[PDB]
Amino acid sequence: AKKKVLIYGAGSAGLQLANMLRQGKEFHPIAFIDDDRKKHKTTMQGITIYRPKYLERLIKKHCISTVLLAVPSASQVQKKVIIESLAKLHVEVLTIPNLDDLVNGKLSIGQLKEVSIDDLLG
């Protein structure tokens, strides 16, 4: 079976990511995490979106060892907080490309890379 993941970010990029992954053979998106309270417990792309307080319980419930980060329009300060929060939970974190690479069209949303120091600091 495909590797189960959470996608952190249920904005345009994250939803598009879930759609692509569902079709693919590598990852199965089980749910989204999103900081936007208005999306809490709403359904998009056929799965549930949750506030970040649900991170640990979902990781343990579903035995998730990988979270995909799709928050291209978040500030650097916010992205750092997110990555740090995930690091404490002992999951691998992969990220879609930076916003400029997305909007200028030189990298696909689906091009995932492991996060690095460069990603944390900015």
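When you see a residue number, it is the position in the sequence shown, counting from 1.
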Exercise for review: Would you mind comparing 103-111 and 19-27 for me and telling me which has the higher average C-alpha temperature factor in the entry?
Suggested key: 103-111
Practice item. Compare the mean C-alpha B-factor of 113-121 with that of 1-9 as given in the PDB entry, and name the stretch with the higher value. Key: 113-121
Revision key, fill the gap. Per the deposited B-factor column, the C-alpha that peaks among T95, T48, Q76, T66 belongs to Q76
Study note, to complete from the structure: Among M44, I82, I33, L89, the highest C-alpha B-factor in the PDB entry belongs to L89
